[PDB]
Structures are given as C-alpha cells and as structure tokens.
Amino acid sequence: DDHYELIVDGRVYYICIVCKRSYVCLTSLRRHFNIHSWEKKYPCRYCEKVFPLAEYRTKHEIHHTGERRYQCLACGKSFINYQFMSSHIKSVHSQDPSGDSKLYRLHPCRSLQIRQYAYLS
DNA sequence: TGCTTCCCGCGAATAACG
DNA sequence: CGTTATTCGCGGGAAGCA
Ligand SMILES: [Cl-]
Ligand SMILES: [Zn+2]
Ligand SMILES: [Zn+2]
Ligand SMILES: [Zn+2]
C-alpha cells in the first residue's frame, strides 16, 4: 500500500514507502503522505497558495488576518504565533514558556473559523 | 544567526456510521 | 441520535532560509 511496518522491542513503527520516514502513529504517516501524493489539496481562502497539510494552511491564513492570539502575561504584548511569543518572553523577561509556570495566554481564534478548543477559556 | 516554516505525538472536536 | 473513525490544532524543537 503506502507504508510498511517495523517492530523493535514490540515497538511498532510505520515506515513511509517513499522517503522511509518513521512514525509512531499511522494517522501521522497518512498526514505526512499527502505531501507525496497530493490526493488532498488545502488551498488558502485568501490567496492562491495550496498546502499539503490542513495545519499549514491554517497558520498561513492566520498570517493573512493579522490576528495576534499569543499574549505575554508579564507585560501584555500580543504575538501572531508561538515562536514570536517565546522569543519575546525569553529575551525580554528571561523566562521559558516550556518550563513550570504559565507565562502566556493563547486566545481563541476569532479572525477566522477553525475548530475551537474549549480549554481556551 | 535570527527569523520563518516545517514537523509529529498527542488528544480534543467533529464527521461518518449504523 | 450514541458510537467509532477521522480530522487537525497545539507545543515546542528542528530544519530551512537569506
Ligand atoms: Cl488580535
Ligand atoms: Zn514520506
Ligand atoms: Zn494565502
Ligand atoms: Zn512580555
């Protein structure tokens, strides 16, 4: 088909037949394989760009609307994505958002319609 | 070398299935 | 519907880029 399996320590891995990338979950291998097959297109609704993963397109479109969902809870500045927020917090506040404390807020996406995680409230 | 986008395990929201 | 299968958002590290 589109993958084969490898088993080490009863550990199951799924191997893409084209690039031979490894995945713990088959849904991940299938998500990745569209990159090769393009059986599904994810077109930007704001311009003409096409993406092989839905999440790639979503990040892209958020870039179109200018919405800033990531907010530093130390000083209030907002950022378009995780990386800007994290960079800001590390440089300006000398802290790490992947540590123990909660240092940023991710607001619900409001500038466009995507699935909404209830915990973002 | 610092933005910028990619990657993939994990699991919540939702669609497809009786 | 209730249930299972599927989709895809998210973190945060990695890979790409000029
Ligand atoms: Cl905003
Ligand atoms: Zn592959
Ligand atoms: Zn676009
Ligand atoms: Zn701040």
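Each chain gets a letter, A, B and so on, in the order its sequence line appears, and its residues count up from 1. Side chains are part of it too, since the values below use all heavy atoms of this structure and drop only hydrogens, waters and symmetry mates.
Dashed line: the shortest gap from a side-chain N or O of A:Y117 to OP1 or OP2 of C:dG9 is not under 4.0 Å. Residue A:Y119 places none of its side-chain N or O atoms closer than 4.0 Å to OP1 or OP2 of C:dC10. At least one side-chain nitrogen or oxygen of A:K40 sits closer than 4.0 Å to the OP1 or OP2 atom of C:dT7. Taking 4.0 angstrom as the limit, A:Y104 places a side-chain polar atom (N or O) nearer than this to OP1 or OP2 of C:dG11. Taking only side-chain nitrogens and oxygens, A:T58 never comes nearer than 4.0 Å to OP1 or OP2 of C:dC8.
Both A:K49 and A:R31 sit near DNA chain B, but only A:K49 has its closest nucleotide nearer the 5' end. Between A:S22 and A:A118, the residue whose closest nucleotide on DNA chain B is further toward the 5' end is A:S22.
Between the side chains of A:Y42 and A:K49, no donor-acceptor pair of N or O atoms lies under 3.5 Å.
Across the protein-nucleic acid pair, A:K90 atom NZ and C:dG12 atom P stand 9 Å apart, rounded to whole Å.
For the atom pair CD of A:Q95 and CG of A:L103, the computed distance is 5.0 Å after rounding to the nearest 0.5 Å.
Distance from the side chain of A:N81 is smallest for B:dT5 among the nucleotides C:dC10, B:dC7, B:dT5. Distances were taken from every side-chain heavy atom of A:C25 (C-beta onward) to each of C:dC10, B:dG9, B:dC8; the shortest belongs to B:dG9.
Counting non-hydrogen atoms under 4.0 angstrom, A:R30 reaches nothing in the nucleic acid.
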